[PDB]
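None of the figures in this text is laboratory data; all of them are computed from the coordinates on show. Cβ atoms come from the backbone with ideal geometry, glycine included; neighbour counts cover every protein chain shown.
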Amino acid sequence: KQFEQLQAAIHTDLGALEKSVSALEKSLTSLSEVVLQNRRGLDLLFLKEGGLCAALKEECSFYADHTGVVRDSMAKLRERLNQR
Amino acid sequence: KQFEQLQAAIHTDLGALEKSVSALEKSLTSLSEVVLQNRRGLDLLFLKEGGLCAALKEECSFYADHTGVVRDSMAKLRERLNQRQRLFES
Amino acid sequence: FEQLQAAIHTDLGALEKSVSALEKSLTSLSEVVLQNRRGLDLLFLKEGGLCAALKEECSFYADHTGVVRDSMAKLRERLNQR
Ligand SMILES: [Cl-]
């Protein structure tokens, strides 16, 4: 009744959320390749000083990439959203 | 019944996920502006070598931005949440 | 019906953890980026930094991830309760 309408709508909304999370993941992973190429550029420019972090006398930041979790999780979600 | 409580809970949880997806979108878009300005900086620094990617001798990485889909879908989702809570309250 | 609510539950849990994973990753990347930035500010120090040398308004990171952290934490709580 009103029940079915709501259940259908939730299904739709979960799929929209899956899609947005997956879109964010590709965007984030793409950007990360830009960022790491930038880093390689800076280690080149700072070659005589030991590289970027050595030049800054800072602890070196690395990209801790947790997006495998996202891809595996969202793929499982898409598979289950074939239940209605 | 218990069903009413659960309408309420799901509305809450979807709204929370919507808000969180949007916050992340805004943060990622903002970060990308920093990143691309960094890139222009490196392209200037390596201007004589034909740019960053040329100097690195690398295929050039570009930001595949899908955040437009995200901004659209989440606006739609807020609209739906609001419309459903409005009808329910009616 | 219990089967339905279980399916929704699992789906919401998957989304929560995925959002949280993205959050950890974005926050980590952002540190790499900011450090890159500090690097470019040193390379352009006499010209007033990167932005001045590009003749541009400066981009800064508007970090909204605290909202994501707080909000997902509560979602995990409400999900675990049920
Ligand atoms: Cl960067």
Find the residue count for the stretch A:33-56, including only residues that are more than 7 Å from every other protein chain (Cβ to nearest Cβ) and within 11 Å of the ligand (Cβ to nearest atom). 1
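Any residue at all in the stretch A:4-18 that is within 16 Å of the ligand (Cβ to nearest atom) and of a type in the set (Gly, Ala, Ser)?
The first filter runs over the stretch A:4-18 and keeps only residues within 16 Å of the ligand (Cβ to nearest atom), leaving none.
Checked against the condition, which is being within 16 Å of the ligand (Cβ to nearest atom) and of a type in the set (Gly, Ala, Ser), the stretch A:4-18 yields no hits at all.
In the set B:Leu24, B:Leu28, which member is under 17 Å from C:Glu31 (Cα atoms), within 14 Å of the ligand (Cβ to nearest atom), facing chain A (nearest Cβ under 7 Å) and in contact with a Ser or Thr (Cβ under 8 Å, 6 or more places away or on another chain)? First the steps, then the outcome.
Numbers: B:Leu24 fails: within 14 Å of the ligand (Cβ to nearest atom).
Just a single option satisfies the conditions, and that option is B:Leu28.
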Going through the stretch A:36-66 in order, the residues found to be touching a residue at least 12 places away in the same chain (Cβ under 8 Å) and touching a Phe, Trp or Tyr at 6+ places or on another chain (Cβ under 7 Å) are A:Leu36, A:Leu52
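Can you name every residue in the stretch C:61-77 that is among the hydrophobic types (A, V, I, L, M, F, W, C) and exposed (fewer than 14 other Cβ atoms within 10 Å of the Cβ)?
Of all residues in the stretch C:61-77, those among the hydrophobic types (A, V, I, L, M, F, W, C) come to C:62, C:67-68, C:72-73, C:75.
Passing the criteria: C:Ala62, C:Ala73.
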Residue selected from the stretch A:8-34 under the condition closer than 15 Å to C:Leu12 by Cβ and in contact (Cβ under 8 Å) with a residue 40 or more places away in the chain, by the criterion nearest to the chain's Cα centre (by Cα): A:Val21
